[PDB]
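Line by line, the protein sequences are chains A, B, C, D, E and F. Sequence positions in the first sequence follow UniProt numbering and run 2 to 22, 36 to 90. Residue numbers for the second sequence follow UniProt numbering, beginning at 2 and rising by one. Residue numbers for the third sequence follow UniProt numbering, beginning at 2 and rising by one. Residue numbers for the fourth sequence follow UniProt numbering, beginning at 52 and rising by one. Residue numbers for the fifth sequence follow UniProt numbering, beginning at 1 and rising by one. Residue numbers for the sixth sequence follow UniProt numbering, beginning at 2835 and rising by one. Here is the structure we will look at, set down as structure tokens.
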Amino acid sequence: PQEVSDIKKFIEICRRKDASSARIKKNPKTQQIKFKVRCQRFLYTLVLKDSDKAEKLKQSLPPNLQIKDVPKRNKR
Amino acid sequence: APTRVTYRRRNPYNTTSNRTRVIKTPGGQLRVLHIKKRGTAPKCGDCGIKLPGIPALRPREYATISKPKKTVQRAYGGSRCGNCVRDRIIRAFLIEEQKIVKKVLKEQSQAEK
Amino acid sequence: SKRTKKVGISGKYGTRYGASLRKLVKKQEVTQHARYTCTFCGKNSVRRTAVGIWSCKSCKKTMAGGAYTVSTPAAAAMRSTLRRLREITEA
Amino acid sequence: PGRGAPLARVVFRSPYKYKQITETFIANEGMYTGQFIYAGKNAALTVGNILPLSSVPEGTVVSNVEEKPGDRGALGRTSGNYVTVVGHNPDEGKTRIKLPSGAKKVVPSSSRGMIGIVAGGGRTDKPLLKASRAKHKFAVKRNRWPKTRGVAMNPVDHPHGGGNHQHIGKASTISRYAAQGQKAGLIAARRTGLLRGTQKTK
Amino acid sequence: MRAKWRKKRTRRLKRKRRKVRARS
Amino acid sequence: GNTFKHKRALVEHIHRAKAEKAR
RNA sequence: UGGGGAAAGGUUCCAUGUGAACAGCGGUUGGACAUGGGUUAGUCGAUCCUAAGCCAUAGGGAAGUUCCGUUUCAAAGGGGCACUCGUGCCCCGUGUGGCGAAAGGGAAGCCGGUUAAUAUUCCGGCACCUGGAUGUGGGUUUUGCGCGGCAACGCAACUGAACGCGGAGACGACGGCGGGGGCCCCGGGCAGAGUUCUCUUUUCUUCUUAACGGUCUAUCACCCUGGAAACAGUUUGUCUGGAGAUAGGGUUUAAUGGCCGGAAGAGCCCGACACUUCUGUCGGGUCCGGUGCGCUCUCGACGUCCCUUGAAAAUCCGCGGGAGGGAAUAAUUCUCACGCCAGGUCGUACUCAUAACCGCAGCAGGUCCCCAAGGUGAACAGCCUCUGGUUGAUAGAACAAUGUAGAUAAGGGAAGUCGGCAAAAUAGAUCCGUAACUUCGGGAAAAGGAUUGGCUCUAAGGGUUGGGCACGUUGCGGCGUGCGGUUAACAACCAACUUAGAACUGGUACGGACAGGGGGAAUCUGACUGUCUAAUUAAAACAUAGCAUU
RNA sequence: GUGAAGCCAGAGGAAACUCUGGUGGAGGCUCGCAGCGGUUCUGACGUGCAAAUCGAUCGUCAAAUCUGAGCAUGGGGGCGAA
Ligand SMILES: [K+]
Ligand SMILES: [K+]
Ligand SMILES: [K+]
Ligand SMILES: [K+]
Ligand SMILES: [K+]
Ligand SMILES: [K+]
Ligand SMILES: [K+]
Ligand SMILES: [K+]
Ligand SMILES: [K+]
Ligand SMILES: [K+]
Ligand SMILES: [K+]
Ligand SMILES: [K+]
Ligand SMILES: [K+]
Ligand SMILES: [K+]
Ligand SMILES: [K+]
Ligand SMILES: [K+]
Ligand SMILES: [K+]
Ligand SMILES: [K+]
Ligand SMILES: [K+]
Ligand SMILES: [K+]
Ligand SMILES: [K+]
Ligand SMILES: [K+]
Ligand SMILES: [K+]
Ligand SMILES: [K+]
Ligand SMILES: [K+]
Ligand SMILES: [K+]
Ligand SMILES: [K+]
Ligand SMILES: [K+]
Ligand SMILES: [K+]
Ligand SMILES: [K+]
Ligand SMILES: [K+]
Ligand SMILES: [K+]
Ligand SMILES: [K+]
Ligand SMILES: [K+]
Ligand SMILES: [K+]
Ligand SMILES: [K+]
Ligand SMILES: [K+]
Ligand SMILES: [K+]
Ligand SMILES: [K+]
Ligand SMILES: [K+]
Ligand SMILES: [K+]
Ligand SMILES: [K+]
Ligand SMILES: [K+]
Ligand SMILES: [K+]
Ligand SMILES: [K+]
Ligand SMILES: [Mg+2]
Ligand SMILES: [Mg+2]
Ligand SMILES: [Mg+2]
Ligand SMILES: [Mg+2]
Ligand SMILES: [Mg+2]
Ligand SMILES: [Mg+2]
Ligand SMILES: [Mg+2]
Ligand SMILES: [Mg+2]
Ligand SMILES: [Mg+2]
Ligand SMILES: [Mg+2]
Ligand SMILES: [Mg+2]
Ligand SMILES: [Mg+2]
Ligand SMILES: [Mg+2]
Ligand SMILES: [Mg+2]
Ligand SMILES: [Mg+2]
Ligand SMILES: [Mg+2]
Ligand SMILES: [Mg+2]
Ligand SMILES: [Mg+2]
Ligand SMILES: [Mg+2]
Ligand SMILES: [Mg+2]
Ligand SMILES: [Mg+2]
Ligand SMILES: [Mg+2]
Ligand SMILES: [Mg+2]
Ligand SMILES: [Mg+2]
Ligand SMILES: [Mg+2]
Ligand SMILES: [Mg+2]
Ligand SMILES: [Mg+2]
Ligand SMILES: [Mg+2]
Ligand SMILES: [Mg+2]
Ligand SMILES: [Mg+2]
Ligand SMILES: [Mg+2]
Ligand SMILES: [Mg+2]
Ligand SMILES: [Mg+2]
Ligand SMILES: [Mg+2]
Ligand SMILES: [Mg+2]
Ligand SMILES: [Mg+2]
Ligand SMILES: [Mg+2]
Ligand SMILES: [Mg+2]
Ligand SMILES: [Mg+2]
Ligand SMILES: [Mg+2]
Ligand SMILES: [Mg+2]
Ligand SMILES: [Mg+2]
Ligand SMILES: [Zn+2]
Ligand SMILES: [Zn+2]
């Protein structure tokens, strides 16, 4: 797994043919939002502190991608 | 907490290839991890000291890392240390110069007749 | 603080092998464990590596010598005789 | 291991091919790493050089002397030993030499030798002093240590055999032309006993 | 580098040259 | 050498040394 | 007497059932008897390489089965290019077989879950290696194959044939010292449990973080400036320096170190409701410090020893050289990023031993390794305890002689006996004291004496942080400085142990169990340490260094 | 447990040299646990647990110490610190 620094590169990663899916994980105790995209070789993570760009970023993603919300206590 | 461990492979003997170290797992257990042997630094071809700027790996591992990481930008980049390269340049120049003066002196001062 | 009267380096042998034999081995142990001044660099760092090999810790040169001394009297005499034989006849 | 007399590794250059060749000589006292040495008929009279005996004056000392020109060295190759040139004979091409045992020999003048004495000094001067020290010496040579006395075996084992006392029972000097299994003792002995005077033979 | 490594690179060049000919 | 027994002995020796050096 | 393996065995493994026989008593139980089921790999091994060694080929012996010989007295090979289409061309040449290691060398996988019985092999997530094809992005080149730094060298790339040089693979035993991971130990906090006549802010348990990556650092060593005697730097252990030290500034080999991705969504601990079953559902928590001649593994710099100097091959890389090839609109055999495809064959259950191996057997014998908690204590000694594991060896009743094993005796103290055989006596630690002889190293723990509990105190042995003015900048500034000075060494905080002294106290006892040398004066004989008659003899016998002879 | 070379400091003497306190950690040295071995009881047992075992008492214990796998030597032959 690898980390992505800025937002512009993370958007360009999600516009790739081998991008299978994406998900959103939020940690309320430490007030973080994590965006993860599943590619052929690696899983890319982007970490955000605020919450006024998360929905802005969410609508900027390509519409054909599948985005989930990572429920607590995922079933086996 | 003071739990005992076992090997994870069929070899039960403490040889120079049965290297292990202890870890603790996200499941809260003490286990064993099997590790390779340490790399060795390449040496200078004249005096035999460790070359600076070059990693220490097992021999097969050098086939995958990029070229600029395996050499330094100078004549005799690998395998010579730089002090030795300085000696070679000076010695080559001085000996070549004495060759000319010995030739001229021998030809002129002794074959003038 | 002298801590030994006469046995010296051969005090590791206790009360074994006989007095005369301990003296004879003492003569050879003292000279093979000493330091000698290098002929090429000048420093006082030359020790025995193997039975006939002597090496300098500073300038990294090794030389062929005697069993327990850096040079032998027979070799020293021969070098002068060879020097005289070649020189005073050809020069 | 197994030898006194350290060895020297010397690198030469090929006259007919683009490469280099590494040799292994016996080391004379006084040689050092980084030293130039010379070999041939026109080499100089310096320690460590190799030249034919026809190019040396009488009284010089050499080591690793060929018995015949080309066999690469047979005589005087042990620590602290050498051979001495005695005389020449240019019309027929022979040289007289003296060997470490004290014997005299005649050799063709094209044989080669190395100027100097064999390094290794007076190794045999200090006592071994311990059984373990002798054991370490032979453990890298051959299986010959320890050694049981024949007079302490049974008659089936050795000629010195048994008896109600340890003794030999017959003369211990054995003829030169005996059978294998009989030669145990002093073979073809010209004399016996403590050597009092000088030894006439040279 | 090893000879098998170098053989692969020149093999690719030969294929590319015949294919670019086939293209032309 | 076996001169100073502990830290206090070394400090006292320093003070006397500087006192005589003063003169 | 726990948890796993190598050799050896071969179904002994799991479930259901059972008359006899077997388990030297019984048996509803079984490693027994009957019927069914169970072993999943590109990453762990074999397969590849060579060692000691074994065997083909050229040749020579032998009536012959066959013996020798392993590079030799041999015409002994391999590399490239088109093919109209295999047929044809052109280079180099000293050399030229195989088998042999499940502990040597060696490309690549970790965590969680799952079964009656398999798992680093199955399921989920997240990676890596080799081989083969190949396209985008980026890089280089308008005068052809990259820039930067005084330098050590750095950067995502950044042509390189024949022939040659070098490095890695690749190596001994022992000693003290330093860094890192795991275990042990101490203090605080949140949950749960045990005790509670009395005491105890108490006693016990959980509080975890993998492979693979990114980023900042970490001994040795190397570079630049400069020029040392009033010599300096410096290790527990005396090495280093005009062949260039101290000092100031830099470069670099080496994470099992800090932070981030993986990753809390996992695992673990509590609580509240559902639920015949099928089924579950929902809330909280999962922190912060210290200590050490501690135990175990690993790394580093030093040192000692040798008439002892402690493997080879496969495989991978760099360099010297400059053959061939290439753009001005495209070219690029760019070791850079991402992307496409594949990885065959055999083993894998279980035991490894007072019942799965070998001893005629379910025999007190024998058989190679890894992991290693608390207390006392010098301690892997003996003795008691936790996790884990057993409660299995025919039983019931009685207490005669004679036994085997364990012990105590008044007074005398070897009078017993071939002979002090057996037993008894001594024993830790601290402080005194110690002869003849001697190869001067020893004898020596020679011999002979004194002390030792409990409680209340006193003294000594360490670490970190602070130091006064005068200018200028900076959200009490932190510093660029010009200085002055050596607090007659002060203040605050932090932390284990080791040693020495005093008073008081008791049925004079205190290494209170365990653990734990009897000593002296002489004779014979072998110098010493070592070795042998497996199953009646361990010795004065053998070996040994030294000496002499051939 | 004992404490060899090398090293630091102080003291004595005209010199050559001598004395004292530390540091260091050598030896086919020494007490002793595991392993390896087998002195005595002439102990147990002696139709034995056992065709060589059991108990107590003993020897050595950092080097001529103990040990696995692979390989070699074959019967008038091997191997033998005998
Ligand atoms: K580098
Ligand atoms: K010969
Ligand atoms: K032998
Ligand atoms: K003998
Ligand atoms: K006798
Ligand atoms: K005799
Ligand atoms: K495989
Ligand atoms: K695959
Ligand atoms: K196989
Ligand atoms: K294979
Ligand atoms: K071989
Ligand atoms: K034949
Ligand atoms: K192998
Ligand atoms: K299965
Ligand atoms: K491009
Ligand atoms: K570039
Ligand atoms: K090896
Ligand atoms: K350590
Ligand atoms: K540690
Ligand atoms: K630790
Ligand atoms: K502890
Ligand atoms: K790994
Ligand atoms: K100086
Ligand atoms: K020390
Ligand atoms: K160990
Ligand atoms: K070129
Ligand atoms: K298995
Ligand atoms: K298994
Ligand atoms: K096994
Ligand atoms: K303990
Ligand atoms: K204990
Ligand atoms: K009774
Ligand atoms: K009775
Ligand atoms: K008596
Ligand atoms: K009697
Ligand atoms: K006592
Ligand atoms: K007498
Ligand atoms: K003995
Ligand atoms: K015996
Ligand atoms: K004995
Ligand atoms: K014997
Ligand atoms: K004698
Ligand atoms: K010691
Ligand atoms: K023992
Ligand atoms: K026979
Ligand atoms: Mg006999
Ligand atoms: Mg006979
Ligand atoms: Mg006879
Ligand atoms: Mg006889
Ligand atoms: Mg069963
Ligand atoms: Mg059953
Ligand atoms: Mg029965
Ligand atoms: Mg029955
Ligand atoms: Mg039954
Ligand atoms: Mg059955
Ligand atoms: Mg493997
Ligand atoms: Mg054959
Ligand atoms: Mg034939
Ligand atoms: Mg093979
Ligand atoms: Mg292996
Ligand atoms: Mg690939
Ligand atoms: Mg090149
Ligand atoms: Mg982490
Ligand atoms: Mg890191
Ligand atoms: Mg410095
Ligand atoms: Mg994290
Ligand atoms: Mg949780
Ligand atoms: Mg199992
Ligand atoms: Mg077992
Ligand atoms: Mg048994
Ligand atoms: Mg059996
Ligand atoms: Mg204690
Ligand atoms: Mg009974
Ligand atoms: Mg009795
Ligand atoms: Mg009595
Ligand atoms: Mg009495
Ligand atoms: Mg009495
Ligand atoms: Mg007795
Ligand atoms: Mg006493
Ligand atoms: Mg005595
Ligand atoms: Mg004896
Ligand atoms: Mg016997
Ligand atoms: Mg006996
Ligand atoms: Mg001993
Ligand atoms: Mg002993
Ligand atoms: Mg008996
Ligand atoms: Mg009986
Ligand atoms: Zn160099
Ligand atoms: Zn030197």
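Quick reminder that beta carbons are idealized off the backbone N, C-alpha and C, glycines included.
Span of the alpha helix (DSSP H) holding residue i?
| i | result |
| --- | --- |
| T90 of chain C | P74 to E91 |
| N84 of chain B | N84 to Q111 |
| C15 of chain A | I8 to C15 |
| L96 of chain D | Looking at the DSSP string, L96 of chain D is not in any alpha helix (DSSP H), and its letter there is neither H nor E. |
Please go through the same chain and pick out, in chain order, the residues whose beta-carbon is closer than 7 Å to the beta-carbon of residue i, but skip the five residues on each side of it.
| i | result |
| --- | --- |
| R60 of chain D | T73 and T75 |
| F56 of chain A | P2 and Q3 |
| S59 of chain C | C39, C42, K44 and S46 |
In this structure, does DSSP put residue i in helix, strand or coil?
| i | result |
| --- | --- |
| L31 of chain B | strand |
| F76 of chain D | strand |
| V202 of chain D | helix |
| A170 of chain D | coil |
| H139 of chain D | strand |
Interface residues of chain D around residue i at Cβ under 9 Å?
| i | result |
| --- | --- |
| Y69 of chain C | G172, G173, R174, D176 and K177 |
| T63 of chain C | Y83 and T84 |
| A35 of chain C | Result: empty, since nearest Cβ-Cβ is about 15 Å, beyond 9 Å. |
I want to verify the contact list: residues of chain C whose CB lies under 9 Å from the CB of residue i, in sequence order.
| i | result |
| --- | --- |
| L96 of chain D | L83, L86, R87 and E91 |
| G110 of chain D | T82 and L86 |
| residue 310 of chain D | Nothing about residue 310 of chain D can be read from this structure; chain D reaches only from 52 to 253. |
Kindly list, in the order they appear in chain D, the residues whose Cβ is closer than 7 Å to that of residue i.
| i | result |
| --- | --- |
| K58 of chain C | By Cβ distance, chain D contributes nothing, its closest Cβ being about 14 Å from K58 of chain C, past 7 Å. |
Using 8 Å for Cβ pairs, my map puts residue i next to residue j. What's the rounded Cβ distance?
| i | j | result |
| --- | --- | --- |
| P159 of chain D | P120 of chain D | 6 Å |
| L58 of chain D | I77 of chain D | 6 Å |
| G153 of chain D | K253 of chain D | 6 Å |
| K177 of chain D | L86 of chain C | That pair is no contact at about 33 Å. |
| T44 of chain A | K50 of chain A | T44 of chain A to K50 of chain A, Cβ: 17 Å. No contact. |
Which residues of chain D have a Cβ atom closer than 8 Å to the Cβ of residue i, listed in chain order?
| i | result |
| --- | --- |
| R80 of chain C | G81 and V98 |
At 7 Å on the CB atoms, spell out the chain C contacts of residue i, in chain order.
| i | result |
| --- | --- |
| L180 of chain D | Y18, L22 and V26 |
| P57 of chain D | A51, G53, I54 and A65 |
Short of 8 Å in beta carbon distance, which residues of its chain neighbour residue i, apart from the five on each side in sequence? Order them along the chain.
| i | result |
| --- | --- |
| residue 156 of chain B | With chain B running from 2 to 114 in the structure shown, residue 156 of chain B is simply not present. |
| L34 of chain B | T21, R22, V23 and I24 |
| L237 of chain D | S223, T224, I225 and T243 |
Got a sec? Which residues, its chain only, sit under 6 Å from residue i by beta carbon, not counting five neighbours each side?
| i | result |
| --- | --- |
| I101 of chain D | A90, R163 and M165 |
| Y67 of chain D | none |
Would you mind reading off the limits of the beta strand (DSSP E) that contains residue i?
| i | result |
| --- | --- |
| residue 107 of chain A | Limits of chain A in this structure are 2 at one end and 90 at the other, which puts residue 107 of chain A out of reach. |
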